[PDB]
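Below is one structure, written out as structure tokens; comments come after it.
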Amino acid sequence: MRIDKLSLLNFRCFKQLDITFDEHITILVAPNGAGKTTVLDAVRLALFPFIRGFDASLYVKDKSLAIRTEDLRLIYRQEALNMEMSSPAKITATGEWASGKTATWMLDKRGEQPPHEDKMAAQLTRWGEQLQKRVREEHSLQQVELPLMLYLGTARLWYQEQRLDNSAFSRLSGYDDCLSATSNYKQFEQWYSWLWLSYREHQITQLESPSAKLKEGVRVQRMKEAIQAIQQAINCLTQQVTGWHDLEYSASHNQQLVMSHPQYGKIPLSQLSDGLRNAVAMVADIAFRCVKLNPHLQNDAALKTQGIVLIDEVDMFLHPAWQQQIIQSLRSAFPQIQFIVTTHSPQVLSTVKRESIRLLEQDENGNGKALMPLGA
Amino acid sequence: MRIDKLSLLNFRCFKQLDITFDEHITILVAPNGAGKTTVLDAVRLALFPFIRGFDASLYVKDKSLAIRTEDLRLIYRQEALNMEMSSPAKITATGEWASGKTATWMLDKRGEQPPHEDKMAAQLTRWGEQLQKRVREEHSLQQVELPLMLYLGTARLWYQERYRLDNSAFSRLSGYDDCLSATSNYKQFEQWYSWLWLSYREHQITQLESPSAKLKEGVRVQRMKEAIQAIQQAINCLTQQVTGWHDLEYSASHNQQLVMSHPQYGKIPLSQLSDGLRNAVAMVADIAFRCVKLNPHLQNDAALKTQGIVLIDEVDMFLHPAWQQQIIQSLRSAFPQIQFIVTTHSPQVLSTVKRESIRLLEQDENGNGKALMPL
Amino acid sequence: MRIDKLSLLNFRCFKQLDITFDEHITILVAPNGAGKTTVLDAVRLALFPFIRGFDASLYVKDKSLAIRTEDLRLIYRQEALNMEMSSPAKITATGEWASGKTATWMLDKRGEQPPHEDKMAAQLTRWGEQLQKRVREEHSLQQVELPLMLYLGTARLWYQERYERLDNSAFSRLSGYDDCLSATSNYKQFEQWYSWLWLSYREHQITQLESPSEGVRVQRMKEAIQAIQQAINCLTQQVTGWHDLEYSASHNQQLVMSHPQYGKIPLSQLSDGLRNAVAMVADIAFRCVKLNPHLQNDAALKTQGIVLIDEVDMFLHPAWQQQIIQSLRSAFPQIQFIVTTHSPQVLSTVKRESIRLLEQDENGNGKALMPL
Amino acid sequence: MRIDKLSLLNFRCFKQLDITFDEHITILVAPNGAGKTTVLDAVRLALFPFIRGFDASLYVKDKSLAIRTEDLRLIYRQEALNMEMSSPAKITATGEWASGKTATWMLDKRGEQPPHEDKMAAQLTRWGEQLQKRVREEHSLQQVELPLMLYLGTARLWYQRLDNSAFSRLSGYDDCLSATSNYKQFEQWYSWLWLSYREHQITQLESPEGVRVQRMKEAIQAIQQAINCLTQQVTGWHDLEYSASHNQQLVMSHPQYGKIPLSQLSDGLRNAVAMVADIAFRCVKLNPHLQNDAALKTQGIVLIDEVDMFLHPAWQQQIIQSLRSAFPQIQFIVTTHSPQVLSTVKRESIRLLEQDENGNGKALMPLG
Amino acid sequence: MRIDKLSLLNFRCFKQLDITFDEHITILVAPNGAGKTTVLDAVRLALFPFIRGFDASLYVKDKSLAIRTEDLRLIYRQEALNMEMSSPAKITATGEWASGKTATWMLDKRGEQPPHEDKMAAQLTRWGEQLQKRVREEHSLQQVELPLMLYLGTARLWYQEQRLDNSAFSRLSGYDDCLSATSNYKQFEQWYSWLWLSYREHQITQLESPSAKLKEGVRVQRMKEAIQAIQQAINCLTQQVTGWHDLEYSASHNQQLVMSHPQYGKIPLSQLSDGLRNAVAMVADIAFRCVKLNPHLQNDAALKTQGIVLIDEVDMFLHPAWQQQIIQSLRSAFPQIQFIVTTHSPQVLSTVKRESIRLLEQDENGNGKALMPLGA
Ligand SMILES: Nc1ncnc2c1ncn2[C@@H]1O[C@H](COP(=O)(O)OP(=O)(O)OP(=O)(O)O)[C@@H](O)[C@H]1O
Ligand SMILES: Nc1ncnc2c1ncn2[C@@H]1O[C@H](COP(=O)(O)OP(=O)(O)OP(=O)(O)O)[C@@H](O)[C@H]1O
Ligand SMILES: Nc1ncnc2c1ncn2[C@@H]1O[C@H](COP(=O)(O)OP(=O)(O)OP(=O)(O)O)[C@@H](O)[C@H]1O
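Protein sequence lines correspond, in order, to chains H, F, U, Z and S.
Per this note's numbering, residue 1 is the first one in the first sequence, and the count goes up by one each step.
Per this note's numbering, residue 377 is the first one in the second sequence, and the count goes up by one each step.
Per this note's numbering, residue 752 is the first one in the third sequence, and the count goes up by one each step.
Per this note's numbering, residue 1124 is the first one in the fourth sequence, and the count goes up by one each step.
Per this note's numbering, residue 1492 is the first one in the fifth sequence, and the count goes up by one each step.
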């Protein structure tokens, strides 16, 4: 979808806040205190209505996706013995789903009562259910494109039957743990290893019975093109600056992924630099979701998929020459996704214009301002 | 807040009952199987709607706070050797909420259908919600006075061998936690009192270290000291004269326990004391700390300037007659602005009590009840 | 068994105390802070070894059955504003176990060292082991008579909404010693045993009615039910009106009582006094029935032992208070009672030879004396 | 203890490298793939034998404690399309172990054969065994000064008594090469220690034996001094405390703004405080026979990877000086890739890493 | 070891029992009741002192290898309301170990008290500890022969790293769950598959690269002889009556165990008859323990290992022609193992002498007698 602005009232550290988001790229910088995680959590809480209408609900018991009592402001006064909650907590998300309509959905919590949603949240989850039911039917000539809602946190490296063909499954499995705060690298390695081995098996079998090629070769073709897509995205980060390219799988290396370099050969990914692993994990996380969601594009799963992706500390483990080429490379790899990223490195801030910078300042009473730089 | 009259219809052992309360103290005197706990439960059920408007009532797990099928009167027909269930069971209560506002509200239950209430109970709930909103408001000029509601039944007893803070324990509304429930609330008092004492000692040590911070920093020390003295005075007023023990405090030497002092004896933990003193201290503390927590802007008159209704069942238990002759006066002197409704079956409590506070309960063969002043 | 004299040295509030008990009933009358629960705890600690000789004492989770450092006397030195712990704490008990056998046994604790006991304390454990061995024998011509020991403290109370498939050990005689000298409530055991009895009796009733003519077990069950019912009637009927305690399936499988004017009501819907009195009497009655099954009709009327009751007049109005001692003596004629109270109404019709006023001096010297 | 030179032959990425360390501080400044973690890992492996003689490393099964097959260099041919697995992996470390006790030790790995070392490594291991036996004596007037060895990597951010006993002394070397330092455990044990100290203070205050009191008091003093060295310069905050009055929280003091909670600070500063506090606590535990200058008078080697992790550029100009001043006897080896760290450091401690087209690495200093 | 007598007092259903065991084979027959399981459990409880001296028992902590309170005798009388518990319960076992050391140990329980043991039980545990410490050495030239204690129950078909070389491990791992009542066929198939794959890989790297023929032949010979011993033990039951023989591992059938028949070929084991599967499981369960315990024999791991084995319902799922050949084939497969087996069928009873049959009968009071038949 898309988001235009977000308003916060009586949240964790903000008494009130109004923030505006850019069309393509926006960067949040806060010199002191928290506040970046607060805004990212607010945006993450404003999109759970969509994913809830996709069989993802309290079965996993992910209690972090609803406003909690610990998320309400609690003021301490030195001259009094009591400590009173400030009620109610309110998130007002303004967005745009399909070109033409502007929506404004609100999520509020009052004290210890269960959280409450407005009519627009119900409308949004009904839209999610509508897309699910439209996908699940196969007796249609016109296919549909799903949006991508992904959240990447600072815990994305802590603890580092597969299918691809069009169906109700393998098109809704890309929403599994999309907004979770844990790592999801094992899933990528399993899926990629399965895809590579099955592609090798299919290309071996192709030489046996060419008669059914009209029904078989296309399979291989699909299982080829997808790979290319993924690889292309990864290259856009790892080749011009570092030199590594063409992520591959080979059982000859004790069945683990490898990467290629012009001069240092083919080396396992498990014993490379930290920044390369970070970039590979991020771009892989975006890409394999993009290719599972829209197998029907088969070459523009990364160049036509639309959605919203959240990143915390995008410049983690990278050197300045790399930090001067991360934003443009992310834009080139995925040109149709809106990004909300949080940084603090002065190098990254010099690769973007003044319209994509938001300085968050907080007063003593909690009032917050999301300003833009004065000079240019 | 005040309650003035009460009516019961087909509630337990009473086919019909009308009872009138006094402004300050009312004592119900009757033998076993007369209906005192019945009246106390009726008052609890009448007053619950006010508490239902607060966020502290969402954790109540007491099943006795709604009218039940076991509460419907059963009539024994001897010829058929049968018991017939009479319906409906109804409660009516007249009272005053704010200045110059009289009201009457009703509760009912028929058969096995869920209980029902009229509009006035909903208005109590809305009044409670309004007060809760007023308390939680920042930058308020006028002050807010919260009332006190408590029920001290037979589950308050401290028998042999019967016995960090959450962010909600520091709120005013925490004075309404388990207020009208049939449970024991000594652990909450213990935790809060220990926290006050630890904070006060921390400030004392800090002041003793550097004598250069006694400017705008000593307000919190003063507030805590005043809360401590209020609770201590309230507890002393019941025990000191007849028993000698006073000054309930917190001691780290005695394995971090609550201790009390005697002139002839020494200083002993509360859990090692007599049953009567132990129960009396628990009973008085249950009111004192709630009074301190609810209204923090009085700061030394929380016990002496709080209004509300407090219910006590079997007030003279574990106390010898010499102690029984002083309890009503001690409670009236400690908490002078609280309407007390108490029940007893001992002539010693009524030793020095006016005849305008005693209600004898009588019943006829058909179940018609009477609550009358003594002649 | 029987206890005749007791001595306390450096216990909680007594530097020294010597107390003599009566054969049948003895009442301790004193205000608060006088040492009645102190004497009851002393007697409980003295009597523990006999139970410690039984296999039913392995599941005891009570920390109050051993002398603790909190029981050592503390002397307040005013000049130094100090508390001094005086040692040692001793408990001496004189009594009789079997015919023509007088004994005296002592318990001690010094400092923070573990408590100690003498040889005469171990002989009680050995006698308990011997009795247990004689109860678990097949083809024994001689009968075995077991004594009853019970403690009914302040933890027995049935307050508002307390609401406290049998194991194979619940059918043994020795199960009469489960949590006997512990500060706990034992109402669930009585409820389960009584419900099982009533269900079995009804099963036999329908079985007999189906095919008119096995005949002995029905008689045993009927006799046990009659004994328990009579024991409760001896206290509840005359003053209040509720007599028969029965199991009812029509009332959602609950225990019910009946009244001449009112109807039939569950026990958990009655007054506090009724609940407490019924629990107190039943706790003795069903243990009497279980311990000695060979009497079969006089288990309550022919059982010997010691029963300790604290605050016997709780939740009872003066008219009921005037008759508790007589009711207990009429229900259980052969049991030695030691009870504590501070009400002048319980002593209304009691001989002066059963009253022990407790007093103490400024130095802690205690006296338990007859009135006048 | 001190390391003076490291030499590597046929390592992960270096065909031959010779680096000279400094007495106090050294920074390896290089972009990605230039071999900064490799140097730290080599130093870490060189120090394994000393720890190995403590009967505590046999429980954990970690493959990184010895050279593996993945360590051996691989050469690319570009014509045969094959990777040549070179051999042997060589590690040479020279230094001082005591007052005028110089030594030079070596670790080797040939092919798939298990790694083996010279008997000077056994000499170091038996020196460690001698130390652990000597400290275990229950009656000895002589004072033993144990050193500090710690490795804080990029995995550090994710998951009882202070008596003069052998268990307390040997608890310092627990997980000394796989240390973790986040905020949760730090606040937990700091709060426990402060609660015990406040209990003893209140006991003394109420009624006017001291063995366990002074230890806690001066451990508090040491930790407070270290954190103050970290924070009191740039900001006025100092004297981290646990306040039960202030909603039972860890609070800091500022002469103008009063008291502020520690939960209002950013994650980076909290993690830096936790790192400094953990190092100071290990220093206090290891050498109790000073009780207040343990952090200021203990020698050893501490290895930190990516010291500029999650730090605002304003706090990247004071980390090195703060670490130097809070521990003026420890030898530090840290790896950075940010110029803001180097804005106040002298030239002598900077070791830029270069590598030719073959793998002939160099560790040099800026020319000026 | 060996057992020559067993006495039971106040156990589950026997008030008093005295039973004598034969040197090689003994059969227990009971027309009614559950005495056979009682006697087998008594024998199983009298051998746990030996196994308790091995640390490998730490893997199992079931509360079933000690005398429970439910194992005592409860007396129900129809004329009384009380039900009492007969105490004490005693298991007296008379046996021989060390080939000449006669002993008589006793286990007892008194009511709810914890179980008690005599000096001889401690001696047996100490002898187990001595054997463990003597095995844990490696440089010693003289080799130790361990005994086997195995129990097979009726639940041995329900539930349906690796090393072999001489060491402290792989010689004590054969005692893992030796007296448990849960099936352990998975832990046999895993070990057998590992052994077969390793042997095949050694053979492949042998003939493919003759230069690596220096000293790897000894491992190949040891593994070959282990396979041969297991196969012969299984053949001694299967071949003569059913025709199947020479079980094999082959990945050509989806990595599954296979068996061979001259007139039907090679078939996966999971699809044969029930009786053949039962026999394979039993003989495998004996065999791989016999070969892991004593690799040093390396030719007669089955023909020279001594011990005691208990079988419940030995004739399960077998037809009458197979029930006249089970006892003799068990004896031939393992000639030096004492067997205590329980059965019903009259066909098995005709293949053994009159001196190896025990008939258990109970009186009304519980007194038990173990008679011998008069006829043939
Ligand atoms: N559902 C019912 N229908 C009719 N009578 C009932 C019912 N439930 C209880 N009763 C009777 O009503 C009386 C209840 O009296 P209650 O115990 O409340 O008063 P009390 O004697 O003053 O006791 P307390 O000490 O608890 O105040 C008892 O006689 C009881 O048997
Ligand atoms: N360890 C101790 N040292 C000194 N004095 C103690 C100690 N423990 C308790 N005391 C005091 O001695 C008193 C003993 O009286 P106790 O409460 O046992 O009897 P009682 O007043 O008759 O109570 P009850 O209602 O239980 O019969 C305690 O109330 C307390 O004041
Ligand atoms: N086994 C190996 N054989 C050959 N080259 C290797 C091997 N393992 C790693 N490398 C190469 O060595 C380099 C790894 O450098 P290193 O791991 O020291 O990282 P770094 O750039 O110093 O940063 P960081 O501290 O973040 O890890 C990469 O160029 C990698 O391709």
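No residue lacks a Cβ here, since even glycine has one placed at the ideal position from N, Cα and C.
With burial defined as no fewer than 16 other Cβ atoms inside 10 Å of the residue's Cβ, what is the status of residue 1255(Z): buried or exposed?
Counting Cβ neighbours within 10 Å, residue 1255(Z) comes out buried, since at least 16 surround it.
What are the start and end residues of each continuous beta strand (DSSP E) run of 3 or more residues lying completely inside the stretch 1520-1573 of chain S, in chain order?
With a minimum length of 3 residues, the continuous beta strand (DSSP E) runs that stay inside the stretch 1520-1573 of chain S are 1564-1566.
Taking DSSP as the reference, what is the three-state secondary structure of residue 1283(Z)?
Residue 1283(Z): coil per DSSP, three-state reduction.
May I ask which residues mark the beginning and end of the alpha helix (DSSP H) holding residue 1125(Z)?
That residue, residue 1125(Z), is in no alpha helix (DSSP H); its beta strand (DSSP E) goes 1125-1132.
Is there a Cβ from chain F that is less than 9 Å from the Cβ of residue 1110(U)?
No, residue 1110(U) does not count as interfacial toward chain F.
Could you give the residue range of the beta strand (DSSP E) that holds residue 899(U)?
First-last of the beta strand (DSSP E) with residue 899(U): 899-903.
Identify every run of the beta strand (DSSP E) within the stretch 1020-1102 of chain U, keeping only runs that are complete inside it and at least 3 residues long; order them along the chain.
Entirely contained in the stretch 1020-1102 of chain U, the beta strand (DSSP E) runs reaching 3 residues are, in chain order, 1056-1061, 1086-1092.
Is DSSP giving residue 367(H) helix, strand or coil here?
It is a strand residue.
Compile a chain-ordered list of the residues in the stretch 1307-1327 of chain Z whose CB is closer than 7 Å to at least one CB of chain F.
Against chain F - using a Cβ distance shorter than 7 Å - the residues of the stretch 1307-1327 of chain Z are 1321, 1322, 1324, 1325, 1326.
For the beta strand (DSSP E) holding residue 390(F), just list the boundary residues, first then last.
Unbroken beta strand (DSSP E) run through residue 390(F): 390-396.
Residues of chain S with CB under 9 Å from residue 847(U), in chain order?
Those do not exist, as residue 847(U) stays about 28 Å from chain S at its closest Cβ, beyond 9 Å.
List the residues of chain H whose Cβ lies closer than 8 Å to the Cβ of residue 387(F), in chain order.
By Cβ distance, chain H contributes nothing, its closest Cβ being about 33 Å from residue 387(F), past 8 Å.
What residues of chain U sit near residue 1574(S), judged by a beta carbon separation below 8 Å?
Chain U residues near residue 1574(S): 919, 922, 923.
Output needed in chain order: residues of the stretch 785-798 of chain U with a Cβ under 7 Å from some Cβ in chain F.
Going along the stretch 785-798 of chain U in chain order, one finds no residue with a Cβ nearer than 7 Å to chain F.
For the stretch 1327-1341 of chain Z, enumerate the residues whose C-beta is nearer than 8 Å to any C-beta of chain F, in chain order.
Cβ contacts with chain F come from 1328, 1329, 1330.
Work out the CA separation of residue 1368(Z) and residue 576(F) for me, nearest whole Å.
Distance between the alpha carbons of residue 576(F) and residue 1368(Z) is about 8 Å.
Would you give the residue range spanned by the alpha helix (DSSP H) that residue 595(F) belongs to?
That run of the alpha helix (DSSP H) goes 595-619.
For residue 987(U) and residue 783(U), what's the separation of their Cα atoms in angstroms?
When rounded, the distance between both Cα atoms is 29 Å.
Quick one: what does DSSP say residue 210(H) is sitting in, helix, strand or coil?
Looking at residue 210(H) - three-state DSSP - the assignment turns out to be helix.
At a Cβ threshold of 9 Å, is residue 896(U) touching chain S?
False, the Cβ-Cβ gap to chain S never drops below 9 Å.
Regarding residue 1066(U) and ligand 1, is the C-beta to nearest heavy atom distance less than 8 Å?
Yes.
Can you pull out the residues from the stretch 58-90 of chain H whose beta carbon lies closer than 8 Å to at least one beta carbon of chain F?
Within the stretch 58-90 of chain H, the qualifying residues are 74, 75, 78, 79, 80, 81, 82, 83, 84, 85, 86, 87.
Which one of 927(U), 945(U), 1108(U) has the shortest CA to CA distance from residue 779(U)?
Ranking the options by Cα distance to residue 779(U), first place goes to 1108(U).
Here's the rule: buried if 16 or more other CB atoms are within 10 angstroms of the residue's CB, otherwise exposed. What is residue 1454(Z)?
Under this definition residue 1454(Z) is a buried residue.
Are the Cβ atoms of residue 390(F) and residue 414(F) separated by less than 9 Å?
Cβ distance < 9 Å, so residue 390(F) and residue 414(F) count as in contact.
Helix, strand or coil for residue 736(F)? Go by DSSP, reduced to three states.
Three-state result, residue 736(F): strand.
Give me the Cα-Cα distance between residue 1341(Z) and residue 160(H), rounded to the nearest whole angstrom.
So the two alpha carbons sit approximately 41 Å from each other.
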